[PDB]
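**Student:** Sharing a structure, written as structure tokens. Questions coming.
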Amino acid sequence: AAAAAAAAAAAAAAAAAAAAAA
Amino acid sequence: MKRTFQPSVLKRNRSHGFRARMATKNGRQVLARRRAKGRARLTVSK
Amino acid sequence: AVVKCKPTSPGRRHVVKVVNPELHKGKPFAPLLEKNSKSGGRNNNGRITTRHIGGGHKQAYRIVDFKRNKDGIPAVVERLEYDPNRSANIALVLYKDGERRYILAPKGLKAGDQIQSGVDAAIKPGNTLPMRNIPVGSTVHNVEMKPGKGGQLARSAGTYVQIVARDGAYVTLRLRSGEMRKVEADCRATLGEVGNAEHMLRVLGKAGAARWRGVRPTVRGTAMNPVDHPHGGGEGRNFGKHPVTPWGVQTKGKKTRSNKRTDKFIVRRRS
Amino acid sequence: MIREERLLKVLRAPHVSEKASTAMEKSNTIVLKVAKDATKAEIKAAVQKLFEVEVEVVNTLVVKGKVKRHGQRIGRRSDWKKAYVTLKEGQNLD
RNA sequence: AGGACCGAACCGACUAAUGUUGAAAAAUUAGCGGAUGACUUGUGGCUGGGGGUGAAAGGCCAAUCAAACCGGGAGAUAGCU
RNA sequence: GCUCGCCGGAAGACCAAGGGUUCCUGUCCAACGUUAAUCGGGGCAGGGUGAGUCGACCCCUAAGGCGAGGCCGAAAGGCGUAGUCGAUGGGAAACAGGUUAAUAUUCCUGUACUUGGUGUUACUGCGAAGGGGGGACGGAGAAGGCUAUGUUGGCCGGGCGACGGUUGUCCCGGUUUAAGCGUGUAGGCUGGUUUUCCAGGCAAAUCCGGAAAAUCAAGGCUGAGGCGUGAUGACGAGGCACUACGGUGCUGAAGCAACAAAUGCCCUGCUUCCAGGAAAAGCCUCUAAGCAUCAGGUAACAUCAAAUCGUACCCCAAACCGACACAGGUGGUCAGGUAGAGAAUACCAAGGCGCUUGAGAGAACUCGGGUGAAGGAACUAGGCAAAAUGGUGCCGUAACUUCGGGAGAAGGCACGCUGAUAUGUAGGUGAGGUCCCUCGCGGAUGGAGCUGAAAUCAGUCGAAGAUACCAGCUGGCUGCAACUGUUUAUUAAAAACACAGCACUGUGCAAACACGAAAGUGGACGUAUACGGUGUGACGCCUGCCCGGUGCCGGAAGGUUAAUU
Ligand SMILES: [Mg+2]
Ligand SMILES: [Mg+2]
Ligand SMILES: [Mg+2]
Ligand SMILES: [Mg+2]
Ligand SMILES: [Mg+2]
Ligand SMILES: [Mg+2]
Ligand SMILES: [Mg+2]
Ligand SMILES: [Mg+2]
Ligand SMILES: [Mg+2]
Ligand SMILES: [Mg+2]
Ligand SMILES: [Mg+2]
Ligand SMILES: [Mg+2]
Ligand SMILES: [Mg+2]
Ligand SMILES: [Mg+2]
Ligand SMILES: [Mg+2]
Ligand SMILES: [Mg+2]
Ligand SMILES: [Mg+2]
Ligand SMILES: [Mg+2]
Ligand SMILES: [Mg+2]
Ligand SMILES: [Mg+2]
Ligand SMILES: [Mg+2]
Ligand SMILES: [Mg+2]
Ligand SMILES: [Mg+2]
Ligand SMILES: [Mg+2]
Ligand SMILES: [Mg+2]
Ligand SMILES: [Mg+2]
Ligand SMILES: [Mg+2]
Ligand SMILES: [Mg+2]
Ligand SMILES: [Mg+2]
Ligand SMILES: [Mg+2]
Ligand SMILES: [Mg+2]
Ligand SMILES: [Mg+2]
Ligand SMILES: [Mg+2]
Ligand SMILES: [Mg+2]
Ligand SMILES: [Mg+2]
Ligand SMILES: [Mg+2]
Ligand SMILES: [Mg+2]
Ligand SMILES: [Mg+2]
Ligand SMILES: [Mg+2]
Ligand SMILES: [Mg+2]
Ligand SMILES: [Mg+2]
Ligand SMILES: [Mg+2]
Ligand SMILES: [Mg+2]
Ligand SMILES: [Mg+2]
Ligand SMILES: [Mg+2]
Ligand SMILES: [Mg+2]
Ligand SMILES: [Mg+2]
Ligand SMILES: [Mg+2]
Ligand SMILES: [Mg+2]
Ligand SMILES: [Mg+2]
Ligand SMILES: [Mg+2]
Ligand SMILES: [Mg+2]
Ligand SMILES: [Mg+2]
Ligand SMILES: [Mg+2]
Ligand SMILES: [Mg+2]
Ligand SMILES: [Mg+2]
Ligand SMILES: [Mg+2]
Ligand SMILES: [Mg+2]
Ligand SMILES: [Mg+2]
Ligand SMILES: [Mg+2]
Ligand SMILES: [Mg+2]
Ligand SMILES: [Mg+2]
Ligand SMILES: [Mg+2]
Ligand SMILES: [Mg+2]
Ligand SMILES: [Mg+2]
Ligand SMILES: [Mg+2]
Ligand SMILES: [Mg+2]
Ligand SMILES: [Mg+2]
Ligand SMILES: [Mg+2]
């Protein structure tokens with residue numbers, strides 16, 4: 001047989017505003 | 001969670017279907033575009 | 001009358017109902033009813049053209065005479081009924097030849113008396129006769145403006161309007177808001193005030209009756225965000241501009257009557 | 001009355017099955033396979049004047065065909081109306 | 001009689017641990033509030049983007065919103081990388 | 001195949017909107033199942049849905065949509081009239097049993113029902129795009145009779161119990177039977193009937209509505225359930241047998257009573273409150289344009305007919321939406337026993353599944369959990385967490401107030417089991433038998449049987465008697481908003497917002513204002529005790545000074561000035 005090659009999830013910009021430096 | 005799309009054909013095929021897109025004006029400017037590429041699944045009739 | 005209720009709950013502390021016990025329960029006399037549901041202020045074109053209207057209970061528009069077309073003939077009243085649409089109480093009447101109509105209740109109309117719509121009418125609270133033939137000083141409600149259009153003057157639940165003088169084919173009307181309006185002699189009229197005059201004593205009491213009556217919660221200004229109303233925002237409670245409507249017109253005293261059309265009838269406005 | 005030209009087109013074949021091989025004897029019924037524009041008139045007049053035999057009453061349904069995959073590309077077999085035809089008391093086909 | 005109380009289904013999302021390339025791109029567990037009403041809900045019709053709708057948070061209008069998304073002038077332009 | 005686990009208002013059955021061969025056998029293992037694989041919702045081959053009654057289509061309308069004309073707009077188009085479209089609602093019908101490996105209210109015996117044209121039988125006012133009665137309607141609680149089911153007894157069949165008893169007051173199993181057709185029922189509704197009249201219902205009306213007059217005690221409507229009939233049939237505990245030992249064929253008794261009882265029926269009813277609770281058609285009915293002794297009309301019955309399409313399968317899921325066989329998300333239908341108030345929860349049945357990686361050892365540590373010497377908040381931002389309280393009956397219960405609450409305030413006591421009051425009463429149901437009866441599904445009447453709490457008193461047992469599950473932490477002094485509510489789906493429920501009450505101001509109805517350039521449309525089929533705009537937010541006491549800035553209101557002698565000239 002064969003198969004596809006998935007990609008490109010909605011990666012949520014990989015972060016919140018975690019580094020609160022103020 | 002209730003998702004993005006909870007199906008109901010009884011409204012889907014009258015709010016997207018062929019006679020709906022033939023009744024207005026610019027639906028005849030989408031049916032006048034899908035044949036340029038020549039869509040074999042022309043619209044959302046099953 | 002003004003029946004008070006007691007603190008049995010949160011909320012139910014400031015209610016006062018008005019009971020006129022002569023009003024019958026049962027059913028409204030069916031062949032003068034039709035259907036008029038509410039569009040919540042939404043016009044035909046889909047937007048909102050008057051705000052805060054939506055919700056409430058399903059109401060049926062009683063066909064009401066505002067013409068009293070059957071002149072000359074006599075009639076007697078049959079019943080008094082609770083109107084759903086206007087705040088007044090309506091009177092289910094019996095014409096002598098067999099029809100039934102619905103007349104707004106004069107303050108003396110107990111269940112059982114008689115009315116004589118016509119130019120030959122008695123001077124009693126309940127009659128109807130054109131305005132050549134009212135003797136002046138009288139208390140007249142249900143007043144038209146044109147010879148047969150329909151009554152649009154003093155038609156509310158507690159109003160009444162005075163005839164003050166005459167001049168020729170014109171007669172001078174002191175309305176409830178106190179605007180002297182000259183009007184033609186043929187415009188239809190009645191005698192006495194209207195019935196449920198203690199309606200302005202009734203207070204609502206809780207938010208429930210506001211939603212039942214139909215009025216939605218009106219959003220006040222100064223807490224709205226400053227894009228969607230000109231009383232906008234500001235981190236805190238700041239207001240210091242001029243008080244305006246949502247569409248730029250300032251409100252508190254600014255005239256927005258925008259006619260030069262019915263100047264030649266209006267004598268003088270109020271204070 | 002249906003004309004003979006329209007009558008003669010309405011059949012393809014009888015239909016072999018286990019439920020045919022039970023309905024043949026234990027309830028004496030036959031299993032047609034008719035064209036898609038066939039009503040109970042176009043089979044009640046069609047079992048009669050094509051085998052010169054009689055009929056009690058007719059029944060049908062619209063079988064929807066399966067989904068086949070020849071090679072790797074999809075395929076949809078043609079639908080076909082299956083007719084159940086009950087024969088009267090004292091009847092026997094050829 | 002009750003925007004009355006206690007408490008189910010149903011809603012709702014307050015507290016805490018777990019879970020955070022988890023089972024789930026917002027949830028499990030254990031406690032919680034409303035629970036004959038300004039409720040909740042089935043299905044169906046209506047509201048178009050400087051517009052709608054909004055108990056009005058600048059929240060929501062298909063997981064995207066201080067102007068949705070799909071083509072186009074688009075090879076916008078970038079004196080900065 | 002046997003144990004053992006677990007759900008059982010779900011993890012059960014049937015369907016909905018959804019999906020498109022997943023259902024059933026014959027195979028087949030490469031890929032697919034977070035493994036192996038004979039197995040699979042996987043490939044491959046075949047088999048599988050049946051109707052006058054269920055549903056769609058169809059007859060009729062709501063919200064809206066389309067909308068010739070017409071009105072309006074640079075054009076497309078925009079609303080909008082007559083119409084014709086528009087289910088989630090209104091209108092014909094029917095059920096019980098058997099069957100296949102799969103469907104079946106659809107197939108089969110059984111027995112019923114409707115709706116259309118027909119031909120005849122006697123009857124001879126039908127006629128309508130029109131007239132009226134109807135369909136026809138909200139919310140709450142409260143009862144009254146009732147069954148679906150449940151329990152027990154009587155009965156019938158089997159068994160005398162692997163180990164102390166267990167031919168007895170013992171144990172098991174079963175005891176079901178429908179629509180339809182007559183029965184007019186507990187009750188609910190409402191006074192009927194002709195005589196003549198009549199500014200009315202668009203015209204006419206023999207129909208409504210109204211005016212009388214006579215005249216009667218009674219006309220129907222409306223209906224759940226139970227009995228009848230459906231019923232010699234079907235099923236039916238199980239025995240009777242061979243075969244493909246999977247199945248199936250052939251037989252078959254009892255089929256009663258009482259009490260309990262709904263969130264299901266009457267009920268679309270009643271009472272009563274205010275926020276005052278669709279239309280149209282099928283139908284009932286009256287008439288004109290039209291009529292002819294015709295036609296049509298219901299009074300009969302032999303008929304003839306009543307399509308097309310959906311029908312398999314899963315349906316709170318491994319089959320839908322979430323990219324996955326994912327602790328997720330969705331609506332309606334039916335609720336079994338036992339303690340409880342109960343659809344909660346607990347253990348169970350009928351049915352279902354035991355969760356697609358499993359074995360082994362028992363480290364730190366993580367998570368979910370049980371208990372703890374002594375001390376009790378010392379911990380810490382803060383009692384966050386955990387613990388603890390928890391149920392009814394009865395006693396008892398403050399300052400404070402708008403008199404309602406606070407309050408379930410606080411704190412207490414009682415309770416398991418057996419026997420007696422009473423061999424199970426107080427309470428209900430209620431046949432025996434008279435009794436009268438307008439004789440019926442009637443009652444006057446009476447107690448058999450049946451079920452039936454708590455109480456009290458005595459005794460006994462436990463460390464512990466609401467023992468498990470279940471099931472409020474409570475007071476004290478405070479800010480803040482009156483509160484019930486609701487919002488940042490996906491970090492913020494708050495002191496935010498919103499509310500009723502008030503104050504102003506606008507608005508004379510072609511309103512005022514808003515969307516649309518307009519047509520119109522809302523406001524409103526409303527009329528200043530109404531609507532819009534803004535301000536603050538219940539009530540309680542209260543709301544003082546200033547018109548210079550700023551705006552708004554009126555006033556117009558002068559200064560000031562366009563387009564024109
Ligand atoms: Mg649309
Ligand atoms: Mg307002
Ligand atoms: Mg207000
Ligand atoms: Mg602005
Ligand atoms: Mg400030
Ligand atoms: Mg919420
Ligand atoms: Mg929160
Ligand atoms: Mg939870
Ligand atoms: Mg509650
Ligand atoms: Mg409550
Ligand atoms: Mg805000
Ligand atoms: Mg903001
Ligand atoms: Mg969004
Ligand atoms: Mg934009
Ligand atoms: Mg833009
Ligand atoms: Mg260009
Ligand atoms: Mg570029
Ligand atoms: Mg269990
Ligand atoms: Mg299931
Ligand atoms: Mg397949
Ligand atoms: Mg299979
Ligand atoms: Mg595998
Ligand atoms: Mg292997
Ligand atoms: Mg298999
Ligand atoms: Mg398969
Ligand atoms: Mg069929
Ligand atoms: Mg059949
Ligand atoms: Mg319409
Ligand atoms: Mg249109
Ligand atoms: Mg046109
Ligand atoms: Mg139609
Ligand atoms: Mg429907
Ligand atoms: Mg319908
Ligand atoms: Mg039908
Ligand atoms: Mg099946
Ligand atoms: Mg009619
Ligand atoms: Mg009700
Ligand atoms: Mg029963
Ligand atoms: Mg029974
Ligand atoms: Mg033994
Ligand atoms: Mg022994
Ligand atoms: Mg029966
Ligand atoms: Mg099925
Ligand atoms: Mg799932
Ligand atoms: Mg996902
Ligand atoms: Mg139970
Ligand atoms: Mg449970
Ligand atoms: Mg699994
Ligand atoms: Mg361990
Ligand atoms: Mg512990
Ligand atoms: Mg121990
Ligand atoms: Mg300790
Ligand atoms: Mg200790
Ligand atoms: Mg400390
Ligand atoms: Mg410390
Ligand atoms: Mg401290
Ligand atoms: Mg805590
Ligand atoms: Mg605990
Ligand atoms: Mg402070
Ligand atoms: Mg608050
Ligand atoms: Mg304040
Ligand atoms: Mg709250
Ligand atoms: Mg909300
Ligand atoms: Mg958040
Ligand atoms: Mg507000
Ligand atoms: Mg405020
Ligand atoms: Mg001034
Ligand atoms: Mg000023
Ligand atoms: Mg001025």
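Numbering starts fresh at 1 for the residues of each chain in the structure tokens, the chains themselves are lettered A, B, ... in the order given, and ligands are numbered from 1 as they appear.
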Residues within 12 Å of ligand 38 (only C-alpha atoms (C1' of nucleotides) and all ligand atoms), as a VMD selection string?

**Tutor:** chain F and resid 146 to 150 225 to 226 258 to 261

**Student:** Within 10 Å of ligand 19, counting only C-alpha atoms (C1' of nucleotides) and all ligand atoms: which residues, as a PDB file with N, CA, C and O atoms (P, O5', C5', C4', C3', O3' and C1' of nucleotides), in the first residue's frame?

**Tutor:**
```
ATOM      1  P     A F  10     -27.732   7.558  34.537  1.00  0.00           P
ATOM      2  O5'   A F  10     -26.754   6.659  33.659  1.00  0.00           O
ATOM      3  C5'   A F  10     -25.927   5.682  34.277  1.00  0.00           C
ATOM      4  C4'   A F  10     -25.320   4.724  33.283  1.00  0.00           C
ATOM      5  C3'   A F  10     -25.317   5.174  31.822  1.00  0.00           C
ATOM      6  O3'   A F  10     -24.129   4.685  31.210  1.00  0.00           O
ATOM      7  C1'   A F  10     -26.334   3.083  31.986  1.00  0.00           C
ATOM      8  P     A F  11     -23.438   5.489  30.009  1.00  0.00           P
ATOM      9  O5'   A F  11     -22.877   4.342  29.054  1.00  0.00           O
ATOM     10  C5'   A F  11     -23.753   3.512  28.298  1.00  0.00           C
ATOM     11  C4'   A F  11     -23.220   2.111  28.143  1.00  0.00           C
ATOM     12  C3'   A F  11     -24.069   1.039  28.802  1.00  0.00           C
ATOM     13  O3'   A F  11     -23.870  -0.197  28.123  1.00  0.00           O
ATOM     14  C1'   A F  11     -21.975   1.136  29.867  1.00  0.00           C
ATOM     15  P     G F  12     -24.810  -0.616  26.891  1.00  0.00           P
ATOM     16  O5'   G F  12     -26.260  -0.772  27.523  1.00  0.00           O
ATOM     17  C5'   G F  12     -26.592  -1.945  28.242  1.00  0.00           C
ATOM     18  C4'   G F  12     -28.027  -2.364  28.038  1.00  0.00           C
ATOM     19  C3'   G F  12     -28.670  -2.051  26.701  1.00  0.00           C
ATOM     20  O3'   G F  12     -28.283  -2.946  25.676  1.00  0.00           O
ATOM     21  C1'   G F  12     -30.172  -1.550  28.439  1.00  0.00           C
ATOM     22  P     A F  13     -28.352  -2.495  24.136  1.00  0.00           P
ATOM     23  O5'   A F  13     -29.906  -2.470  23.790  1.00  0.00           O
ATOM     24  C5'   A F  13     -30.631  -3.680  23.637  1.00  0.00           C
ATOM     25  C4'   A F  13     -32.099  -3.432  23.399  1.00  0.00           C
ATOM     26  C3'   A F  13     -32.442  -2.548  22.217  1.00  0.00           C
ATOM     27  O3'   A F  13     -32.473  -3.273  21.006  1.00  0.00           O
ATOM     28  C1'   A F  13     -33.645  -1.825  24.110  1.00  0.00           C
ATOM     29  P     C F 314     -27.845  -1.806  15.300  1.00  0.00           P
ATOM     30  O5'   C F 314     -26.911  -0.630  15.823  1.00  0.00           O
ATOM     31  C5'   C F 314     -25.569  -0.874  16.219  1.00  0.00           C
ATOM     32  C4'   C F 314     -24.812   0.418  16.385  1.00  0.00           C
ATOM     33  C3'   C F 314     -25.510   1.465  17.230  1.00  0.00           C
ATOM     34  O3'   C F 314     -25.213   1.312  18.599  1.00  0.00           O
ATOM     35  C1'   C F 314     -24.746   2.442  15.206  1.00  0.00           C
ATOM     36  P     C F 315     -26.343   1.565  19.697  1.00  0.00           P
ATOM     37  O5'   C F 315     -26.720   3.095  19.512  1.00  0.00           O
ATOM     38  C5'   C F 315     -25.829   4.107  19.938  1.00  0.00           C
ATOM     39  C4'   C F 315     -26.242   5.455  19.418  1.00  0.00           C
ATOM     40  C3'   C F 315     -27.558   5.976  19.942  1.00  0.00           C
ATOM     41  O3'   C F 315     -27.397   6.579  21.203  1.00  0.00           O
ATOM     42  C1'   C F 315     -27.388   6.360  17.604  1.00  0.00           C
ATOM     43  P     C F 316     -28.055   5.926  22.501  1.00  0.00           P
ATOM     44  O5'   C F 316     -27.567   6.880  23.667  1.00  0.00           O
ATOM     45  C5'   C F 316     -26.397   6.563  24.405  1.00  0.00           C
ATOM     46  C4'   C F 316     -25.214   7.368  23.941  1.00  0.00           C
ATOM     47  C3'   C F 316     -24.215   7.709  25.036  1.00  0.00           C
ATOM     48  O3'   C F 316     -22.887   7.607  24.553  1.00  0.00           O
ATOM     49  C1'   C F 316     -25.119   9.704  24.100  1.00  0.00           C
ATOM     50  P     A F 317     -21.914   6.567  25.279  1.00  0.00           P
ATOM     51  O5'   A F 317     -21.424   5.616  24.108  1.00  0.00           O
ATOM     52  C5'   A F 317     -22.359   4.991  23.243  1.00  0.00           C
ATOM     53  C4'   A F 317     -21.690   4.503  21.986  1.00  0.00           C
ATOM     54  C3'   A F 317     -20.184   4.715  21.944  1.00  0.00           C
ATOM     55  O3'   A F 317     -19.562   3.620  21.282  1.00  0.00           O
ATOM     56  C1'   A F 317     -21.198   5.845  20.132  1.00  0.00           C
ATOM     57  P     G F 352     -27.578  -9.329  25.138  1.00  0.00           P
ATOM     58  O5'   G F 352     -26.469  -8.698  26.078  1.00  0.00           O
ATOM     59  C5'   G F 352     -25.384  -7.980  25.522  1.00  0.00           C
ATOM     60  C4'   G F 352     -25.187  -6.684  26.248  1.00  0.00           C
ATOM     61  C3'   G F 352     -23.757  -6.349  26.612  1.00  0.00           C
ATOM     62  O3'   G F 352     -23.046  -5.759  25.541  1.00  0.00           O
ATOM     63  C1'   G F 352     -25.116  -6.076  28.509  1.00  0.00           C
ATOM     64  P     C F 353     -21.997  -6.629  24.694  1.00  0.00           P
ATOM     65  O5'   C F 353     -20.763  -5.651  24.474  1.00  0.00           O
ATOM     66  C5'   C F 353     -19.495  -5.955  25.028  1.00  0.00           C
ATOM     67  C4'   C F 353     -19.257  -5.160  26.281  1.00  0.00           C
ATOM     68  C3'   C F 353     -18.002  -5.502  27.066  1.00  0.00           C
ATOM     69  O3'   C F 353     -16.835  -4.893  26.552  1.00  0.00           O
ATOM     70  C1'   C F 353     -19.844  -5.357  28.538  1.00  0.00           C
TER      71        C F 353
END
```

**Student:** Grab me every residue within 12 Å of ligand 23, counting only C-alpha atoms (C1' of nucleotides) and all ligand atoms, and send it over as a PDB file with C-alpha atoms (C1' of nucleotides), in the first residue's frame.

**Tutor:**
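Ended up saving to selection_17.pdb:
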```pdb
ATOM      1  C1'   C F  29      -3.527 -11.766   6.705  1.00  0.00           C
ATOM      2  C1'   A F  30       0.539  -8.279   3.344  1.00  0.00           C
ATOM      3  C1'   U F  35       1.089  -5.754  20.019  1.00  0.00           C
ATOM      4  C1'   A F  36       0.571 -11.508  17.966  1.00  0.00           C
ATOM      5  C1'   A F  37      -3.823 -12.704  15.216  1.00  0.00           C
ATOM      6  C1'   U F  38      -7.321 -18.031  12.984  1.00  0.00           C
TER       7        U F  38
END
```

**Student:** Write out as a ChimeraX atom specification each polymer residue whose atoms come within 10 Å of region 391-399 of chain F, counting only C-alpha atoms (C1' of nucleotides); drop sequence neighbours fewer than 2 positions from it.

**Tutor:** /F:406-407,409-415,454,466,470-471

**Student:** Please list as a CSV table (one decimal) with C-alpha atoms, in the first residue's frame every residue within 7 Å of region 118-122 of chain C, counting only C-alpha atoms (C1' of nucleotides) and excluding residues in the same chain fewer than 4 positions away.

**Tutor:**
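Result written to part_34.csv:
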```csv
chain,number,residue,atom,x,y,z
C,71,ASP,CA,-74.3,56.7,14.5
C,72,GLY,CA,-77.8,57.2,15.7
C,127,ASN,CA,-71.0,58.8,24.4
C,128,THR,CA,-69.5,59.9,21.1
C,129,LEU,CA,-70.4,63.0,19.0
C,130,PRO,CA,-68.5,65.4,16.7
```

**Student:** Please, which residues have at least one atom within 12 Å of an atom of ligand 61, using only C-alpha atoms (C1' of nucleotides) and all ligand atoms, listed as an NGL selection string?

**Tutor:** (:C and (237)) or (:F and (480-482 or 495 or 536-537))

**Student:** Export N, CA, C and O atoms (P, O5', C5', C4', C3', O3' and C1' of nucleotides) of the chosen residues as a PDB file, in the first residue's frame?

**Tutor:**
```pdb
ATOM      1  N   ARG C 237     -14.031  56.179  36.224  1.00  0.00           N
ATOM      2  CA  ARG C 237     -15.385  56.646  35.940  1.00  0.00           C
ATOM      3  C   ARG C 237     -15.260  58.099  35.513  1.00  0.00           C
ATOM      4  O   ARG C 237     -15.335  58.993  36.354  1.00  0.00           O
TER       5      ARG C 237
ATOM      6  P     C F 480     -18.239  51.122  52.401  1.00  0.00           P
ATOM      7  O5'   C F 480     -18.502  50.155  51.168  1.00  0.00           O
ATOM      8  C5'   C F 480     -17.562  50.096  50.112  1.00  0.00           C
ATOM      9  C4'   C F 480     -17.825  48.955  49.166  1.00  0.00           C
ATOM     10  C3'   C F 480     -19.219  48.842  48.605  1.00  0.00           C
ATOM     11  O3'   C F 480     -19.492  49.806  47.613  1.00  0.00           O
ATOM     12  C1'   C F 480     -18.443  46.704  49.186  1.00  0.00           C
ATOM     13  P     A F 481     -20.607  50.919  47.892  1.00  0.00           P
ATOM     14  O5'   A F 481     -21.961  50.198  47.490  1.00  0.00           O
ATOM     15  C5'   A F 481     -22.441  50.269  46.160  1.00  0.00           C
ATOM     16  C4'   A F 481     -22.563  48.900  45.548  1.00  0.00           C
ATOM     17  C3'   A F 481     -23.959  48.328  45.485  1.00  0.00           C
ATOM     18  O3'   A F 481     -24.675  48.785  44.362  1.00  0.00           O
ATOM     19  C1'   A F 481     -22.456  46.686  46.283  1.00  0.00           C
ATOM     20  P     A F 482     -25.962  49.712  44.551  1.00  0.00           P
ATOM     21  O5'   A F 482     -26.872  48.939  45.597  1.00  0.00           O
ATOM     22  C5'   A F 482     -27.497  47.708  45.276  1.00  0.00           C
ATOM     23  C4'   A F 482     -27.657  46.881  46.520  1.00  0.00           C
ATOM     24  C3'   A F 482     -28.012  45.421  46.323  1.00  0.00           C
ATOM     25  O3'   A F 482     -26.877  44.621  46.032  1.00  0.00           O
ATOM     26  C1'   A F 482     -29.448  46.363  47.932  1.00  0.00           C
ATOM     27  P     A F 495     -19.840  41.710  43.612  1.00  0.00           P
ATOM     28  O5'   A F 495     -19.634  43.284  43.650  1.00  0.00           O
ATOM     29  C5'   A F 495     -18.687  43.843  44.546  1.00  0.00           C
ATOM     30  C4'   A F 495     -18.416  45.296  44.274  1.00  0.00           C
ATOM     31  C3'   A F 495     -17.951  45.617  42.863  1.00  0.00           C
ATOM     32  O3'   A F 495     -18.310  46.961  42.551  1.00  0.00           O
ATOM     33  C1'   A F 495     -16.240  46.144  44.374  1.00  0.00           C
ATOM     34  P     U F 536     -24.280  57.661  35.797  1.00  0.00           P
ATOM     35  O5'   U F 536     -24.828  57.030  37.148  1.00  0.00           O
ATOM     36  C5'   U F 536     -24.359  57.491  38.403  1.00  0.00           C
ATOM     37  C4'   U F 536     -25.491  57.635  39.386  1.00  0.00           C
ATOM     38  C3'   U F 536     -26.016  56.346  39.989  1.00  0.00           C
ATOM     39  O3'   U F 536     -25.258  55.951  41.116  1.00  0.00           O
ATOM     40  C1'   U F 536     -27.831  57.676  39.236  1.00  0.00           C
ATOM     41  P     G F 537     -25.060  54.403  41.466  1.00  0.00           P
ATOM     42  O5'   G F 537     -26.534  53.862  41.704  1.00  0.00           O
ATOM     43  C5'   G F 537     -27.201  54.100  42.938  1.00  0.00           C
ATOM     44  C4'   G F 537     -28.694  53.937  42.808  1.00  0.00           C
ATOM     45  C3'   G F 537     -29.260  52.710  43.494  1.00  0.00           C
ATOM     46  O3'   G F 537     -30.616  52.957  43.824  1.00  0.00           O
ATOM     47  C1'   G F 537     -29.611  52.525  41.182  1.00  0.00           C
TER      48        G F 537
END
```

**Student:** List all protein, DNA and RNA residues that have at least one atom no more than 10 Å from any atom of ligand 13, counting only C-alpha atoms (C1' of nucleotides) and all ligand atoms, and write them as number ranges by chain.

**Tutor:** E: 59-65, 68; F: 489-490

**Student:** Env of residue 66 (chain D): 9 Å cut, atoms = only C-alpha atoms (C1' of nucleotides), seq-sep filter 5 positions within chain, self excluded. Answer as a list in words.

**Tutor:**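 The residues satisfying every condition are residues 75, 76, 77, 78 and 79 of chain D; 21 of chain F.
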
**Student:** Any chance you can output those residues with C-alpha atoms (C1' of nucleotides) as a PDB file, in the first residue's frame?

**Tutor:**
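The result, stored in result_16.pdb:
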```pdb
ATOM      1  CA  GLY D  75     -16.630   2.250  -7.885  1.00  0.00           C
ATOM      2  CA  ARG D  76     -20.405   2.364  -7.516  1.00  0.00           C
ATOM      3  CA  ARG D  77     -22.574  -0.401  -8.938  1.00  0.00           C
ATOM      4  CA  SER D  78     -25.932   0.487 -10.450  1.00  0.00           C
ATOM      5  CA  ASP D  79     -29.012   0.456  -8.263  1.00  0.00           C
TER       6      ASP D  79
ATOM      7  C1'   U F  21     -22.288  -1.210   3.549  1.00  0.00           C
TER       8        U F  21
END
```

**Student:** Could you write out, as a VMD selection string, all the residues of chain D that DSSP marks as strand (DSSP E)?

**Tutor:** chain D and resid 29 to 31 57 to 63 67 to 70 73 to 76 80 to 86

**Student:** Got a sec to pull out which chain A residues are within 8 Å of chain E, counting only C-alpha atoms (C1' of nucleotides), and send them as a list in words?

**Tutor:** residues 10, 11 and 12 of chain A

**Student:** Would you save the residues from that selection as a short mmCIF file (atom, residue, chain, number, x, y, z; two decimals), in the first residue's frame, using N, CA and C atoms?

**Tutor:**
```
data_model
loop_
_atom_site.label_atom_id
_atom_site.label_comp_id
_atom_site.auth_asym_id
_atom_site.auth_seq_id
_atom_site.Cartn_x
_atom_site.Cartn_y
_atom_site.Cartn_z
N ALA A 10 -1.78 23.58 14.12
CA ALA A 10 -1.96 24.91 14.68
C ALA A 10 -1.16 24.99 15.98
N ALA A 11 0.12 25.32 15.87
CA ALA A 11 1.09 25.13 16.94
C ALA A 11 1.01 26.18 18.05
N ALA A 12 -0.04 27.01 18.08
CA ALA A 12 -0.39 27.91 19.19
C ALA A 12 0.70 28.91 19.54
#
```

**Student:** For residue 198 (chain C), please output as an NGL selection string all residues within 12 Å (counting only C-alpha atoms (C1' of nucleotides); exclusion window: fewer than 5 positions along the same chain).

**Tutor:** (:C and (1-3 or 16-20 or 87-89 or 107 or 157-159 or 203)) or (:F and (529))
